[PDB]
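Visitor: Pasting an experimental structure with its sequence.
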Number of protein chains: 2
Amino acid sequence: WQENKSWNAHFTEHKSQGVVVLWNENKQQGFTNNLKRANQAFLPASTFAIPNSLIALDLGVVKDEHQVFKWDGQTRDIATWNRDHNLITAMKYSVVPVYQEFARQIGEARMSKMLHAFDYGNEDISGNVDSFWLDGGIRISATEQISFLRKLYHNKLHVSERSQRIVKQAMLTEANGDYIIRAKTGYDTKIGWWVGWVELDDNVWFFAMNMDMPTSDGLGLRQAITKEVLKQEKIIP
Amino acid sequence: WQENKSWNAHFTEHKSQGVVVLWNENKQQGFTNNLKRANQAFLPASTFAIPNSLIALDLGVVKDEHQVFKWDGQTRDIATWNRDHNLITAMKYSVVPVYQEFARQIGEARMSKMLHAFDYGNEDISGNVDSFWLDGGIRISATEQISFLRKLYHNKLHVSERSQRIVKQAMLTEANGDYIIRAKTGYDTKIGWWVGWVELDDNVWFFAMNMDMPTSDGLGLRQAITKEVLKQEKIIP
Ligand SMILES: *C(=O)[C@H]([C@@H](C)O)[C@H]1CC(SCCNC=N)=C(C(=O)O)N1
Ligand SMILES: *C(=O)[C@H]([C@@H](C)O)[C@H]1CC(SCCNC=N)=C(C(=O)O)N1
Ligand SMILES: [Cl-]
Ligand SMILES: [Zn+2]
Ligand SMILES: [Zn+2]
């Protein structure tokens, strides 16, 4: 691990504070603007959709990425949530009601055992099974996110290879002639997350970032700040 | 099937001739500028990488999308070919030596049976096992390409679901907040191919196009012409 304090300019020039963590897979080396905050644990918020979807698929709660989850008919504030979804669109739109339904069907016992087998964060599901990742006791740091993501990339998590490929499919966010990004956003009204990886021809760069997000105004800064670091480091054009 | 002769403006305004075929999955309806050429069979050229990779994976010739195929040490004219590749980069760079090696390991007997089970084109492997898709007798039309692609999308081809997901992963070409394109290019010095599909939130549009390509000058017109039709039809922004 290597601290590059010069990356802080990417946060400060947007009047922002936070951390970006990168991991070069081929070289087994990591880089961050702030080593301390890189190991500070936070609520995972919607980034928990990754472990949640893996367990749901492995347990048969979800059949595949095109199976339809019917909207329960309760209208919620996020307009995109009030409709039928599959795994692809549930991830893209961070559709909490779908993931709460996943968690209820999984149950507390299977959830806790599976998170332990994943070595995910602090492994604490207290106390609502359908809302612990939002307002309970589970916490994960940026470096622990990368640790979890590396296992998923290599199909080394303690679930079926098929479950892992399907979740990696659903993580697809961006792709062009130079790179592929699979990732997941999160927001809990206090902090904002962006965790994933960048696939290249001959390497992969894992990333985890979070930042203070007092208001929804600048949620877009999560992706923008990350891409500016990737550009600076010549990872993407 | 419905012929929209107005799409020909997309070819003629580039001094080009060819066909674009689209298929609306949700509505089960197809559209093309030229119904005749839509059913005209051509050499598949590098688009054969899709069936070839499926059979190789199902037979164990390829383990997964990150397994390394060592370059044989013969330098060929395409600079990108003279190096180690995996399934991802073999598809992106259309690396013929890798696919010829696949075909040799598969063999004529298994190749012919598998193409028949796929109902792929005319199902004629004459006569070089490692070069028939380039200069042999196999031929496929644009509508037959879509027929093959629909089965792959639904995991309905006569191979493992795992093999089909891995090939669909390797077909990834482009992705943003509005759509995902999985596809494969082809070029045989006479005609140029672009076959695949566009994934949306709630639908999929399959496509197959080919055009006369006398010189390498305008290979980029394959993607450009296709995207202009998609834009005209309000499939992508
Ligand atoms: C997850 O972190 C949250 C949810 C649990 O509060 C969802 C909600 C949002 S913002 C809603 C509007 N979307 C704007 N893009 C996100 C998010 O990551 O943006 N995740
Ligand atoms: C497949 O159709 C051919 C090969 C069998 O001749 C390959 C070669 C090319 S062009 C080589 C340089 N690349 C430019 N982009 C393609 C192609 O589809 O572009 N496929
Ligand atoms: Cl994918
Ligand atoms: Zn076990
Ligand atoms: Zn059979």
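Guide: Looks like it arrived, so ask away. Residues are numbered from 1 along each chain as shown, chains lettered A, B, ... in the order given. Ligands and ions are numbered 1, 2, ... in the order given.
Visitor: residue boundaries of the strands in chain A?
Guide: In chain A, the segments counted as strands under DSSP state E are A:2-3, A:18-24, A:29-32, A:172-175, A:180-187, A:191-199, A:204-212.
Visitor: list the helices and strands the last one packs on?
Guide: Under the contact criterion of 3 or more C-beta pairs under 8 Å, 6 or more residues apart in numbering or on different chains; DSSP states H and E, the helices and strands touching strand A:204-212 comprise strand A:18-24, helix A:142-153, strand A:191-199, helix A:221-232. C-beta here means a position set from N, CA and C on the backbone, and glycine is covered the same way.
Visitor: Up against chain B, what does chain A have?
Guide: A:88-89, A:92, A:161-162, A:165-166, A:169, A:172-176, A:180, A:199, A:201-202 (C-beta under 8 Å from any C-beta of the partner chain).
Visitor: what do you get if the cut-off is 10 Å, keeping everything else the same?
Guide: A:64-66, A:80, A:83-86, A:88-89, A:92-93, A:153-155, A:161-162, A:165-166, A:168-169, A:172-177, A:180-182, A:199-202, A:204 (C-beta under 10 Å from any C-beta of the partner chain).
Visitor: Whichever residue of chain A sits closest to ligand 1 and residue B:54, how far apart?
Guide: Here chain A gets closest to ligand 1 at one residue, residue A:46, 2.6 Å apart by C-beta to the nearest ligand atom. Using C-beta to C-beta, to the nearest Å, one gets 35 Å for the distance from residue A:46 to residue B:54.
Visitor: where does the residue lying farthest from the centre of chain A fall, phi/psi-wise?
Guide: For chain A, the largest distance from the centre (C-alpha atoms, centre = their mean) belongs to residue A:73, which lies 27.4 Å off. Note on residue A:73: its backbone torsions stand at phi 80, psi 0 [degrees, to the nearest 10].
Visitor: Just list the residues touching it, thanks.
Guide: Residue A:73 makes contact with residue A:82 under the criterion C-beta atoms under 10 Å, 6 or more residues apart in numbering or on different chains.
Visitor: measure it to ligand 2 for me?
Guide: 49 Å (C-beta to the nearest ligand atom, to the nearest Å).
Visitor: swap in residue A:41?
Guide: 46 Å.
Visitor: and residue A:203, backbone torsions?
Guide: Residue torsions, per degrees, to the nearest 10, at residue A:203 are phi -160, psi 170.
Visitor: What is the burial count for the closest residue to it other than its chain neighbours?
Guide: The shortest distance from residue A:203 to any non-neighbouring residue, by C-beta to C-beta, 6 or more residues apart in numbering or on different chains, is to residue A:26 (4.6 Å). For residue A:26, the neighbour count with other C-beta atoms under 10 Å in any protein chain shown is 10.
Visitor: Pretty sure residue A:157 sits against residue A:118.
Guide: Yes: assessed by C-beta atoms under 10 Å, residue A:157 is found in contact with residue A:118 at 5.9 Å.
Visitor: Neighbour count: the two, which is higher?
Guide: Applying other C-beta under 10 Å to residue A:157 and residue A:118 shows that residue A:157 carries more neighbours, namely 24 against 20.
Visitor: now that one: how far from residue A:150?
Guide: For residue A:157, the distance to residue A:150 - C-beta to C-beta - is 10 Å.
Visitor: circling back: so between residue A:46 and residue B:54, which is more surrounded?
Guide: Using other C-beta under 10 Å, the more surrounded residue of residue A:46 and residue B:54 is residue B:54, with 24 against 21.
Visitor: Touching, that one and residue B:161? I think so.
Guide: No: the pair residue B:54 and residue B:161 fails to qualify as a contact (C-beta under 10 Å) at a distance of 11.2 Å.
Visitor: what about the spatially closest residue to residue A:19 that is not a sequence neighbour, distance to residue B:161?
Guide: Among residues not flanking residue A:19 along the chain, residue A:37 sits closest, at 4.1 Å (C-beta to C-beta, 6+ apart). Residue A:37 is 42 Å from residue B:161, where distance means C-beta to C-beta.
Visitor: Next: residue A:176.
Guide: Per C-beta to C-beta, residue A:176 is found 28 Å from residue B:161.
Visitor: count of neighbours near the residue nearest to residue A:140 when sequence neighbours are not counted?
Guide: Counting by C-beta to C-beta, 6+ apart, residue A:121 is the residue found nearest to residue A:140 once chain neighbours are left out, at 3.4 Å. Residue A:121 sits with 23 neighbouring residues when counted by other C-beta under 10 Å.
Visitor: picking that back up, same list, the strands of chain A, but as TSV with mean neighbour count and distance to residue B:41 please.
Guide: As requested, the strands of chain A are arranged in TSV below (neighbours: other C-beta atoms under 10 Å in any protein chain shown; distance: least, C-beta to C-beta, whole Å):
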stretch	mean neighbour count	distance to residue B:41
strand A:2-3	12	57
strand A:18-24	23	47
strand A:29-32	18	52
strand A:172-175	19	31
strand A:180-187	22	33
strand A:191-199	24	35
strand A:204-212	23	40
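Visitor: Can you find the residue of chain A that comes nearest to chain B?
Guide: Minimum separation of chain A from chain B (C-beta to the nearest C-beta) falls at residue A:175, amounting to 3.7 Å.
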